[PDB]
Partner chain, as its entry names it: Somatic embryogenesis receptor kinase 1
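Taking the form deposited without the partner chain, here's one chain by itself in structure tokens.
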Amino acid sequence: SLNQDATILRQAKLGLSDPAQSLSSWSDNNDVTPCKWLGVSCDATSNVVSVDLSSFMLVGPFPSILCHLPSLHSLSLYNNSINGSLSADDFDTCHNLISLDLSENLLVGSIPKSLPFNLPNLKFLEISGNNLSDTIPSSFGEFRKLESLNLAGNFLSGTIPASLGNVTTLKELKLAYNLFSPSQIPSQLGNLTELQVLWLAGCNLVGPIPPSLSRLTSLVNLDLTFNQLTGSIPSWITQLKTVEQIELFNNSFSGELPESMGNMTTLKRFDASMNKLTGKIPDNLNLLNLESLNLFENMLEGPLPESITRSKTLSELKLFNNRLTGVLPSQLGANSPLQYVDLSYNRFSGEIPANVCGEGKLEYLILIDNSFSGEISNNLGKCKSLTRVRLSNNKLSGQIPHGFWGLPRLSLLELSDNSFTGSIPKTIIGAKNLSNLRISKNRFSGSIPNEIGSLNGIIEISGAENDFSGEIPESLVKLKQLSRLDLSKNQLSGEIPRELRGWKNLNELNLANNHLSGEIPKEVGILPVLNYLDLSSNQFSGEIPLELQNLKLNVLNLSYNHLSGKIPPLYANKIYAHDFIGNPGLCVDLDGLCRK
């Protein structure tokens, strides 16, 4: 009993390599009964009933010998390196198993056609995340007790077999992420009336969801993402009394959201993004359990209904790239833990809801390419959770809230192409995580504050087309990660600093159309990744440094300055000419004579 089982366990272990020594309890000082060995569970008569070797890093062929344990009912080899292929014989003796978990291993080759006959008592079968190939055997329809089947993430091909509809005990059917031929969802899956989980994402499915699936009245999670299903989202999903998740992202669904979607009180997550839906968001929403609503990249029209505010656990709202209109519900966010809000590329208007970050969890506020107007609320100035703000291409105006500039987790601050006014405050010093500052095409004024040069991670400062004045702060020149500096079309004055070697990552320097003066520093030419240099329309004077000829410039523009001497010889050709026009004192040396 303990004798027999210890020996069979040890036999099984001998056919495996165990480089992490996960099974050291099995062969160390024989004495401890096997019942207390790692991964081993016994019944009251001390017979092994369950072997669970999950995540033990074991290598080698399937350990068929474990099946010789007379009371073994559960075997898990989840997340190891069991390798080679499965044979008919591997499972000859495994007929007492109820639970078999071979997920996340290295198995290759076909599923044996004999598997159901050798494992007739199985309730749970998982072989997800391997490299299995060939078709799912039609023999699978012979299982009399199977409750859950997971073959997701293999290379299974052919088409999903119709005989699976015979397995009427199934509650979970997971086939996602295989290499099936393009085909419809088999009609016969409608016969699996107990199903709670149907996961056929990335299955090369075409055609409509079959009308027979309306018989799946117990569905909790329907996930058909990543296919080319067509026609309408059927209205019977709305009558599911226990539905929690509907995932239909990246299909070819057309028509409209069923009107009665509003009464799906149990729904937690709804995604129908990346389809061809038209019509409006259903109104009279009573989505009391909703956590996530994604409907981006469709052709939805009309407003976000006020009733979305009844969803007091809503955290994710992604509606971008539709034709949505009107003002947002003024209370949006006041009573929801909003974390990710992306309403970009629509036609929304009116003010940004003032309590969008009311519960202090908002991380992404993405509103690009709408017609939002008025001011950013001072409330937003205190939203310390914000990491990514994109408010560009709206009709916003006024001063930015003071603390907005120094929020401690803010990474991307994009405000471009609005009508914002004011100076950038010195409290920007607080924005320790700032990577990208994108503020071009506004009416900001004053001097660029010195403290921007303390923000060591900054990779982009983009501030073109404003009213900035004063000097370029010496501090910018020691931002070691700065990639893009664009301050074109302002009223900046003074000089460029001489010592620029701190700009080891600068790719673009654009300072065109300001009132800058002095000489172009020699060290511009020693910058190792500069490919864009625009200093046009300023008052730079003196000679063009010969070191510029080290650079490979996509853009070089020195036009409309007060430069003197000769053009560097590398640029003497007539094709480069427009790069230097409008410098009265400058000439080009060609054929033994200097020419304007």
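Take the two forms, superpose them, and find the largest set of C-alpha atoms that agree within 1.5 Å; that set is the rigid core. Residue numbers count along the first chain shown, from 1.
Separately, the form solved in complex with the partner chain exists; it is not shown, and the next lines address it.
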Would all three of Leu219, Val243 and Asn275 be in contact with the partner chain in the deposited bound form, where contact means some heavy atom lies within 4.5 Å? no
Answer key, the partner chain contact in the deposited bound form at 4.5 Å (heavy atoms) among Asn507, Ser488, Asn346, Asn118: the residue is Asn507
Which listed residue (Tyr532, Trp26, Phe62, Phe540) meets the criterion of a heavy atom within 4.5 Å of the partner chain in the deposited bound form? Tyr532
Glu363 within 4.5 Å of the partner chain in the deposited bound form, heavy atoms: no
Is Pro528 one of the residues lying within 4.5 Å of the partner chain in the deposited bound form, judged by heavy atom distances? yes
State yes or no: in the deposited bound form, is some non-hydrogen atom of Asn436 no more than 4.5 angstroms from a non-hydrogen atom of the partner chain? yes
4.5 Å heavy atom contact, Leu412 to the partner chain in the deposited bound form: yes
Mind telling me which stretch in 184-192, 93-101, 458-466, 328-336 gets its heavy atoms within 4.5 Å of the partner chain in the deposited bound form? 458-466
At a 4.5 angstroms cut-off on non-hydrogen atoms, which residues of 576-595 are near the partner chain in the deposited bound form? List them in order. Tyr576
Have a look at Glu244, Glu316, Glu495, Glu256 and give me the residue whose C-alpha moves 2 Å or more between the shown form and the other one, with the fit done on the rigid core. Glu495
Any CA movement of 2 Å or more for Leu551 between the shown form and the other one, core superposed? yes
Exceeds or equals 2 Å, Cα of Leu200 between the shown form and the other one, core fit: no
Rigid core fitted, then: does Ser371 show a CA shift of 2 angstroms or greater between the shown form and the other one? no
